[PDB]
Each structure stands twice: as structure tokens, then as C-alpha cells.
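Shown here is one chain on its own, the form deposited in one PDB entry, set out as C-alpha cells.
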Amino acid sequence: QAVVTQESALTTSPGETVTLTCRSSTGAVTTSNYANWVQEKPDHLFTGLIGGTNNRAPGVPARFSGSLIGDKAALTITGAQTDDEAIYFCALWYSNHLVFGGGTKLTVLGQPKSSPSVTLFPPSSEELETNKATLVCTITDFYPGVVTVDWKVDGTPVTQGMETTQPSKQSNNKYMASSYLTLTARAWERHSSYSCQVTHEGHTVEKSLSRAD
């Protein structure tokens, strides 16, 4: 029944020190909670880093250390590397059950900035036969992995029928996302211009299409 809480997001750079923490709702974290730390990398690649508060698993680089700092468990990276950009979970033991925290997304600004590649696709005629129209906006090869996506129809912001995925890591360690504008086939025919606007690190990239093409 204890709730274990962690910072949701932290950012560091190569060579810098960063500390993640892990609070128990029941009170101070002690060595009796045998704090565990687990790294989640993309495609569900999990690595146990720390057990018993401060015991580092074999194979885990020396730059990782676990400890108790104040009333909390802590994971510290002393000399962070680009490869440490990942999600870190803590788990505390309560005598006969384990409780995971919500995880911390660590960003490690090791890669150069990369603006998104944006592509906007019109509805397929096959889909339109179902009386439905979906525009798909693909967004790839951006770093860091934060974007805002805005849609316009005929120059007007859309506030309805939109769906954007959370950024997820590509195999090359840049980020991707997709956004969908869902319309009826008739709505599609009553409008002329459609625009997908991706803002990344203050910079906007727009792709649009015209039903005249």
C-alpha cells in the first residue's frame, strides 16, 4: 500500500553528475527497504543496476551508485554518458511485497540537436470509400525528444479530432512521433487546405497539402 514516488524527468549532459531520488509514502526509506534500481531502455530492455540500496550489479558501469540521501533512496550517475538516456525505476521492499515508483526519464544531452523530418499524408481513396478520412503526420529524427504538434484546416487551428503519440526512441537514438487528424469523408471534401505544424526547440516545421493537387 506504500506509494513510491520519483522525479518524472531530469536532464543532464555528458560528464556531469546527476542524482535521482525515490520517496516512500510510509516515511523515511531505510536499508530495510533494500532499494532496487532498474533501467528501462527502448524495446523493453531492462537492466538491474542496484540492489540492497547500494550494491551494484556486475557489468553495470562504476559510474552508477545507489545510496540513501535524507529520507529517500537515491541513484547517482557520476559522469553521465549519452547511453544513460533512459527511464530509471526504483523499487522498495516492505517485508513481503515490492513497490515500484513511477520512473524518471533521464535526458542526457549527448547527441547534437536534430530538427524533425515531417511528412503529411492525405487520406487514401480506399479509406474514403468507407466515408472516413485520416490524415497522418509522421515526425522523425528529432533530438531532444519533445515536440508540439498543431493542425490547421483552411488556415484555422483544429481543436478536435486530433491524436498525437508520445515521442518514442528510434533505433538510431533520435525520436519519432505521429499525429492523426480524423475527419468524415465529407468534411475532407468541404475543406481545401490541411497543415501539420511541428514545434521543436522553439522552431516550427510546417507541412501542408492542397486538395487542388
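One rule holds for the numbers: they count along the sequence shown, beginning at 1.
Same protein, other form: the form deposited in another entry, not shown, and the subject of what follows.
- Hinge residue among 109, 47, 68, 150 for the rigid-body motion between this form and the one not shown: 109.
- An increase of at least 3 Å in the separation of the C-alpha atoms of residue 39 and residue 171 is found in that other deposited form, compared with the displayed form.
- In that other deposited form, the CA atoms of residue 149 and residue 8 sit closer together than in the displayed form, by at least 3 angstroms.
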